[PDB]
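**Q**
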Ligand SMILES: OC[C@H]1O[C@H](O[C@H]2[C@H](O)[C@@H](O)[C@@H](O[C@H]3[C@H](O)[C@@H](O)[C@@H](O[C@H]4[C@H](O)[C@@H](O)[C@@H](O[C@H]5[C@H](O)[C@@H](O)[C@@H](O)O[C@@H]5CO)O[C@@H]4CO)O[C@@H]3CO)O[C@@H]2CO)[C@H](O)[C@@H](O)[C@@H]1O
Ligand SMILES: OC[C@H]1O[C@H](O[C@H]2[C@H](O)[C@@H](O)[C@@H](O[C@H]3[C@H](O)[C@@H](O)[C@@H](O[C@H]4[C@H](O)[C@@H](O)[C@@H](O[C@H]5[C@H](O)[C@@H](O)[C@@H](O)O[C@@H]5CO)O[C@@H]4CO)O[C@@H]3CO)O[C@@H]2CO)[C@H](O)[C@@H](O)[C@@H]1O
Ligand SMILES: O=P(O)(O)C[C@H]1O[C@H](CO)[C@@H](O)[C@H](O)[C@H]1O
Ligand SMILES: O=P(O)(O)C[C@H]1O[C@H](CO)[C@@H](O)[C@H](O)[C@H]1O
Ligand SMILES: O=P(O)(O)C[C@H]1O[C@H](CO)[C@@H](O)[C@H](O)[C@H]1O
Ligand SMILES: O=P(O)(O)C[C@H]1O[C@H](CO)[C@@H](O)[C@H](O)[C@H]1O
Ligand SMILES: *Cc1c(COP(=O)(O)O)cnc(C)c1O
Ligand SMILES: *Cc1c(COP(=O)(O)O)cnc(C)c1O
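Residue numbers (our numbering), protein chains in the order written: chain P, 3 to 835; chain A, 3 to 835.
1. Report the residues of the stretch 171-185 of chain A with a CB closer than 8 angstroms to any CB of chain P, ordered along the chain.
2. For residue 807 of chain A, which option in A:345, A:134, A:209 and A:712 has the closest C-alpha, if you only look at C-alpha atoms?
3. Per DSSP, residue 76 of chain P forms a beta bridge with which residues?
4. Can you round the beta-carbon distance between residue 538 of chain A and residue 499 of chain A to whole angstroms, since I take them to be within the 8 angstroms contact cut?
5. Would you report the Cα separation of residue 260 of chain A and residue 193 of chain A, rounded to the nearest angstrom?
6. With distances taken from CA atoms, which of A:391, A:567, A:283 and A:821 is nearest residue 210 of chain A?
7. May I ask whether a heavy atom of ligand 8 can be found less than 6 angstroms away from the beta carbon of residue 669 of chain A?
8. Can you pull the chain P neighbours of residue 1 of chain A, defined as C-beta to C-beta under 7 angstroms?
9. With contact counted as at least three CB pairs below 8 angstroms, one residue from each stretch, are the stretch 741-753 of chain A and the stretch 579-593 of chain A in contact?
10. Just how far apart, CA to CA, sit residue 781 of chain A and residue 373 of chain A?
11. If you follow the beta strand (DSSP E) that residue 380 of chain P is part of, which residue opens it and which one closes it?
12. Check the C-beta distance from residue 73 of chain P over to residue 818 of chain P and give it rounded, since I have them as a contact under 8 angstroms.
13. Could you tell me if residue 740 of chain P is buried or exposed, where buried requires 16 or more neighbouring beta carbons within 10 angstroms of its beta carbon?
14. Taking Cβ positions, are residue 686 of chain P and residue 667 of chain P nearer each other than 7 angstroms?
15. Assuming residue 83 of chain P contacts residue 127 of chain P under a Cβ cut-off of 8 angstroms, what Cβ separation, rounded to an integer in Å, is found between them?
16. Need the endpoints of the alpha helix (DSSP H) that residue 617 of chain A sits in, please.
17. Hey, residue 142 of chain P and residue 478 of chain P: beta-carbon distance below 7 angstroms or not?
18. Checking the sheet assignment: what are the DSSP bridge partners for residue 217 of chain A?
19. Give a yes or no on whether the minimum CB-CB distance between residue 769 of chain A and chain P is below 7 angstroms.
20. What residue does the beta strand (DSSP E) around residue 427 of chain A start on, and which one ends it?
21. Does the pairing of the stretch 230-243 of chain P with the stretch 145-165 of chain P give three or more beta-carbon distances under 8 angstroms?
22. Please state whether DSSP places residue 804 of chain A in a helix, a strand or coil.
23. Expressed to the nearest angstrom, what Euclidean distance is found between the alpha-carbon atoms of residue 570 of chain A and residue 616 of chain A?
24. Return yes when at least one heavy atom of ligand 3 lies under 6 angstroms from the C-beta of residue 301 of chain P, else no.
25. So what's residue 706 of chain P in DSSP terms, helix, strand or just coil?
26. Rounded to whole angstroms, what's the CA-CA distance from residue 378 of chain P to residue 169 of chain P? Just pull it up for me.
27. Got a sec: is the Cβ-Cβ distance from residue 3 of chain P to anything in chain A below 7 angstroms?
28. Write down every uninterrupted run of the alpha helix (DSSP H) in the stretch 382-438 of chain A whose length is 4 residues or greater and which is fully enclosed by it, in chain order.
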């Protein structure tokens, strides 16, 4: 509808420079002319002109580190959920407004072109987005940091609801190209698979291995206005030419060539599994592949440092921990630990015990869940086929480890079977979380309760052996994408009162508590959210047709569709709302639009069932005339980062409803809090630190605390109890059991009814009384709008702790041992020296 | 050693412009800086700066044709053997010398960088190079022409001789990228496979087909200094997202994604088969794929023309032949004919008989061989599975065709089984050469005897039915790559006397007969060849080590290794030479370096055997001390276009030794003739028109003419006869039979001995007397150097007829019906209008 904002300066020479370079790429890069270039061609010419302002800084940031050669942070993750890159790169370079003017005086709209860009969907959700937000934060804090992972040809599937069912389809995100990567095939590396271990004369050798090659592609990761542009290096698999062809004595020349895309399948697709574990060979291959190739790039750079010169010399890998820190995001790169031992002992010839001190001091591990089906416990027969030397290194690590445990708790023979990284049984397995605690020097959780639950439950044995290892580092979100970029209007009205230094110092938002009684600030804050609601209802009417009321409470739960996350409890609540105004049709109720969105992993039947329940409910509700427009249920299709930048600004209520003690942190919860939604949520994850930051009076907590959850388990949860005692709940179950919500096929929802009644791992009935109660308290407040905005102003004003710049400044200081910085690196300028 | 030449002007502003743009791409495109950029990075910055001078012209050449909208020539070929593109694009734009100065004053050597570029090996040999030379000629003659084919990820394999055996390896030519193509994914197209034909109400429909998508990549094809830049559009296969994923009810989400590279295998690899026929499903798929997608691009452009406006209107496909000419290179795109009928009848609803007149008038076919194992005769069961509607269209074409034949030769029932496009028998098959003659309006051969042999033997029946169809268009070579570019020194000394207009008017070389007695020209012509010999002996010493004598006759046969080409006869000759100076060690013989190079198709055992024989001979010869350096045998490894640009300038004698009546034309023979080698060859292929052009006295013809070959077949060839009567031949066979040439495994060569003796399809013994005789006559002349250079000056001076510009000016006029032109299109200059 309009905007100027402080998306930086649109100054005379630079708007001019821009338009020229735009027209240059459309011709020379695109080989398209004005009369034939479509909005996608206009998108790539600007994408190409914005990455031109980035290579100068990138090249100088990387030669800079060679010259100073800091300790280098390697963030190994198998997921990186980046979303789109043009506007984020414009924000961090301060080009937002010069390219908006430039595009204006060239007759295009930036926002049309910005919507053309495909999201890079290299992640499933929150572990992968945490990685993407960390990368922004490490560059904004001047850290010599490199994010490393796999370049998946197909990222997370694109979800389509057909007949209300999720239909998954392939994310061919590279179809039109990627202007942001730079393929580097000169730097390809081998990764060995299979083979045998010969034991001779001096050491072991892994022999007769198969060779896949690792082709790196680098993406720049620009800091917020400080001229640092760090790197995301993502490996692609390529078959070699000699073995992947020559091994002879008949078998088809064409067949040997077509069989190459079988080694290259290692990076074809991301595994789409939310908090579950799949013991598939292709996954362990992907896990070894990014470990092997990355550790070679690590050592290469450590062998230059300045030791490839001197500092001492006579290859002292002693200094390896003072030059390298490798962060394992979840156990997916836990083979970084046996592999660092392999290259150091086998290839580099250090003694076991030196190379162990060097491995534990450079590695650290971030635990992401306590739900036991998520734990990777790879069967031993898999590892002996695929990685026979690494298995060997794991057995010797385990041997030596349990010798520590038995020394320290002598005689405690059941502790020994519990702490072992080898899980005995029918299928002998390797417990990778155990590997990670044995070979890292810092193990951390993602939120204070999740960190305490690790010390007290899941890893109490390891905590008693080595209390010094366990840490907590509560998650964060980046203020640049999650505020500046999806909510420019909220950021400009904050910018107006307190300035802009808060975008890399979010704790400053607390100076906003002075304006909680300002009537100009209250009205502005509230107009921004009504505007946001209004542009999203438009988006919905446009891209997905639907039409909703902008004057309702926009109640939204968006995250992956898992039972512990409790889209079902939320569901039960909206079926109640419906039933209550059907009983009393002519009662005023605060009108609300409830929007649930998220993806199910392919073969998770319950999750596919819940998406069918939600769309089945909106089939009844959205078509009942007595309901009018007072209640609408919208399933939000193909949830991902660009849609989260659209929804979370338009939200009034944020559903963070998991059973206490299951969500380790959550980060969706933090994003909604700096964007002026109010939380309704259990004392779970970081919801506890958020309520603690704003004050419990300003948050809408309900439900069972974790102590009450264990008490109910001690007792035994009996869901028939809640059904019997609560008539509104009984009525809802029967409606489900009789086909009220599935007419032409009445027994349709009997899997979900049977579960809630008899197999509810997450206790949905136990929290239903206190949940519809709490929900009556947000509607009470909604219709006292000035007092909702003042509660909102106290949530927004207390979001500081949930910046990823604070989380990274604490890993930096207490795990990696580097000091952050914000001194901007010298200006982009020219010089080829 | 030095050069200035007339590689155009190196003028002040433009050398300056160049260096700046070089440094621009190395930074912004390459993201490499001077201190870290290798010679490959320097190659891509110049490749990128030379294609910058080409997009202006390309875009304006293509909008130009839209505006004037000529008849458009579509050259459909499954092979296109382009070799490398930088220097060829510099020649045609006149940038050779500005970029040589530019690179000089930047401290690099062009020739180092020019050697970095990978050859685009999208062809096997001569059919594919003919296509590549035609494209140059069509752009140099201002024709609205488009070359269409498949973009193979792997081209022709790279050959490596290990233990003297060919080892084939994959040509991953795209590893480092291609700076010359422009991917156009917005223009992807579907190609249907499998399915069924429903017959209902109005017409047939091909239903339940599988869908592969065709992703086009365009390469510019610049004319010689006339600002036309035409297009090579090459299709790539891409799996769709919906069917290649959704078809459900359990079967693995990861499996559905990994199974996509199975539709994309259609463009993975070129079939490496020289004049043979493989009836494999993947080949017919590749053949339908480039036909389907191309015919859609043809019709699209015919539906704009100006009829998508008017000219008449009420969709008159009548004018289709006056707007389109599609040339089928060999029978590999013969499905262009049933497919043009399918879209016109089934989709476009014309009557059969209108659409047949429109198909025969737009299609034309070039026959490339008479050797019967080369003929594609696709089994009927293959086509009914894969293309069931097309099979149907072929049966109805055949029905209607034989009704013409039987009307015109009433009662001649064996003619009817001979002319049928359906070859009855155990495996019923479709004769594709027959398809092509029924549905083209011009059928042509590639040289005057090959054209006569078609009218008299292989296609006499079709010639009697339709004499008007049969034509001849003798092959050509492009004077720009095959003279200007690999022989700048020979081109500058010609340029000195007669000027340079000969590079697009090669017939002008005849004004060189005036200098056949010029002693300055004789000495220059001879110094150029000694220089060339000297740089190739260096190349050999460098890249392949070998060391040879530059003062010998460089005797070279380079082409594919097939029995009809007769690398064995040449072999028998060098074993004789060896034996003769072993008999008489101290006889002066003219010293010669014999170089045989070329690739065998993978499973062609005889061809793999002949490469082993040749390297086995050089094992004896190159190590015999009594031989001294008087004779050396060099097998020329990994023969291809860039090596042919190195060898053919350095050649003194050119071996064009096939059994008369088998090589249809040959083009290697023409390249050697404009580069000052003298031919020894049978009266075969275009060797007959070449001898005829220079005078038989100036050529070294020997051997059986084709009449003598049929006489010997009438009689029955008995190779024991030649063995018995010729002692030098008897001695050679015994040396082979006893392991003289294969010591540690004596029976090694008994496949080749057994064949020559009992199964010689190509009569190698029949031509051996006259061949070692003719070979004594070139050595006689070699050691009268001034009289060799004067014979050479009469071959070079009479090469005009063998330009591809003459061949294309005759297809243009007598088959496609367009007039060539040489008026340069307006200067590249600016304007976005
Ligand atoms: O060359 C060095 C070394 O080699 C040899 O030892 C190696 C073993 O031969 C090899 O099999 C491998 O051993 C693994 C073992 O395979 C694996 O099962 C695992 O065993 C653990 C259990 O996982 C753990 O639960 C616990 O089990 C006990 C438990 O205390 C007890 O309470 C009861 O419940 O059952 C079990 C029986 O006591 O402990 C065991 C180990 O005690 O871990 C092993 C080590 O990873 O690797 C060995 C090291 O390379 C030679 O035998 C040895 O002498 C040489 O020093
Ligand atoms: O709906 C239109 C049309 O449909 C029906 O005809 C179709 C046929 O049913 C269908 O099978 C197909 O016919 C093909 C035939 O399958 C194929 O074998 C081929 O036959 C040729 C031989 O290839 C050729 O050698 C020659 O063979 C004769 C030969 O003259 C003779 O000397 C002796 O040696 O042997 C053979 C027996 O006489 O000629 C035959 C054809 O005479 O070609 C056929 C046509 O392509 O396609 C038909 C057309 O769609 C109905 O039968 C018909 O009435 C309708 O008009
Ligand atoms: O992986 P490396 O070698 O440390 C970093 C690579 O990218 C940097 C930024 O483009 C270049 O300065 C460097 O020369 C290049 O090799
Ligand atoms: O599987 P999810 O929820 O997308 C992501 C998981 O990792 C995130 C980042 O550590 C946590 O905040 C979240 O609680 C945890 O369940
Ligand atoms: O295949 P088409 O559409 O005929 C030719 C294509 O390339 C030409 C040269 O870049 C462009 O002018 C044209 O707009 C484009 O669509
Ligand atoms: O298989 P080859 O020899 O490489 C190529 C084939 O097509 C060429 C181009 O029409 C002919 O000149 C040649 O005689 C013929 O055998
Ligand atoms: C931040 C984010 C998540 C995380 O959601 P939680 O509520 O923490 O589970 C998942 N998906 C996307 C698209 C995100 O933006
Ligand atoms: C021209 C050429 C050919 C053709 O050789 P012929 O002697 O006609 O069989 C084959 N390969 C390459 C590399 C060529 O340059």
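Where a beta carbon is used, it is the ideal one built from N, C-alpha and C, also for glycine.
**A** Here's the rundown:
1. 171, 172, 174, 177, 178, 179, 184 and 185
2. A:134
3. P:148 and P:328
4. The pair is not a contact, with the Cβ atoms about 25 angstroms apart (cut-off 8 angstroms).
5. 21 angstroms
6. A:391
7. yes
8. Not covered by the structure: residue 1 of chain A. The range shown for chain A is 3 to 835.
9. no
10. 33 angstroms
11. 379-381
12. 7 angstroms
13. exposed
14. no
15. 7 angstroms
16. 607-623
17. no
18. A:238
19. no
20. Run containing residue 427 of chain A: none; DSSP gives neither H nor E here.
21. yes
22. helix
23. 9 angstroms
24. no
25. coil
26. 28 angstroms
27. no
28. 382-388, 390-410 and 415-421
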